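Two forms, one chain: they're shown below as structure tokens, one block per form, named structure 1 and structure 2.
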Structure 1
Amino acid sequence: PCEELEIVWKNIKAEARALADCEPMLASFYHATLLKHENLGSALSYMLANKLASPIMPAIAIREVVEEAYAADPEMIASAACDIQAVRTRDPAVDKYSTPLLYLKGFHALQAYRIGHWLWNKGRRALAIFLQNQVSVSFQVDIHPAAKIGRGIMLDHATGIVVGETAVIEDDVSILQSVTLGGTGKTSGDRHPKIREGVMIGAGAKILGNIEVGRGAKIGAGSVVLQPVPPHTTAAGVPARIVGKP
């Protein structure tokens, strides 16, 4: 259910032009990050390259990797725009389209994941794994690039999120800080959770194993979910049990 990419971009530029006027200390930042770019794809590649840069691998090098991915699969940029909207609609602290793009590390991590996922599915595993782990240090989100994640995702606050190799996260999911989608121990093969559409996961929840969390479900903060959660229910506790409906 996402608004048009080109429409979110225009909104973003309009907000930024206006914001640059009312805060002179950030005008340079708004121009470099948003206003000089012709499209959302180019602003995204610039941002990720600058934020992921290190002595190990410079921004100029990261950018050409991201630009190649976006040139080959421009739907990733459309997913970014859907992710921007997800935050704006769901987070009461965020009114502007430009806010997630500019500032939120969960959003940034989610878009870096898309690049890593594109690389991994092309067999460019080394580069995907390089990026995954540079994202873990820079944005404190560790998503394996083989995980299958949809669009309209919000990674709220985001610090300490861990998502495993064989996880699936469907559209419109909201995930808070310190959520693990992980295994049951020294396990192998299909071993990580399947999070269905519209699920919200509270802070510090651990969802472990190849188990379903059904569509529209709510996972309580600090839960340890070891069995499947039916659609449209609230699961909570250690271990998690059904405590209501959302």
Structure 2
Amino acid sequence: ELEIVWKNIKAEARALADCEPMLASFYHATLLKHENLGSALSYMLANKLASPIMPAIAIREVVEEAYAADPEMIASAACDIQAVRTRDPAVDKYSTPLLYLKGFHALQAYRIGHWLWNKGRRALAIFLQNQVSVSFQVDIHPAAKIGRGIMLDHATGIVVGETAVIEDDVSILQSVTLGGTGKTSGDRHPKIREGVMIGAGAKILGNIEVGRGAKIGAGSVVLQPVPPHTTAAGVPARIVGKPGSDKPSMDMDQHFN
């Protein structure tokens, strides 16, 4: 439920703003002067994406236009906040993803890019993709189709290509590629279905399925489809076992055979 999240964040914003006098005016700015999650998200994205080419105030107008035309982006972000909080044991506050975690920021920046792309504003979407790549080291093509409840933990070196699909409740670590094959357009990127966990450094290549609740071991190179509820690992990857739960995204157990 959306309002829960926002409330917690405000409480946390009070408790914390006393402690660091250095940060006081930063907390008031990012969390305390806003009345909904949407206002805060637009604030942080505006500051995060600001450039000489397009300053913060101009970006915030684009982002607010996107949130007004599609309020479900705000709800997706709330689910993404919850996913990081519940899955990442280094995060126990709802405020942390929104303030600090570049993976969370790159994810919400993609959503604006995606919206822009589906409305025909593709030149702007590509500009934002490549700026997010420079600034947060996450390169997600704005045509990719990404659900909600996604954790991009650490996030540096993530690549998601044009025709990729990432369904709800997926967990992805640093240096993961959902990448293409060939020199031609068309469907050529992975389909990552609900509940999948992808470990650090995994490279998944081509228009292949990674089925519901599968787990991909860290450092794996997946060139063939991976059935649902299965664990794949190695270079190249083979089936080595079965995950310990229904949705490995939720448990983040990195072990494989």
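One-based numbering along structure 1's sequence throughout. In this text, the rigid core denotes the largest set of C-alpha atoms whose superposition between the two forms falls within 1.5 Å.
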Original post:
If we fit on the core, is the Cα of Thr187 displaced 2 Å or more between structures 1 and 2?
Top reply: yes
Original post:
What's the distance in angstrom the Cα of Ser98 travels between structures 1 and 2, core superposed?
Top reply: 0.6
Subject >> Core-aligned Cα shift of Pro55 between structures 1 and 2, given in Å >> reply: 2.0
Original post:
Taking the rigid core as the frame of reference, how far in Å is the Cα of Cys22 displaced between structures 1 and 2?
Top reply: 2.6
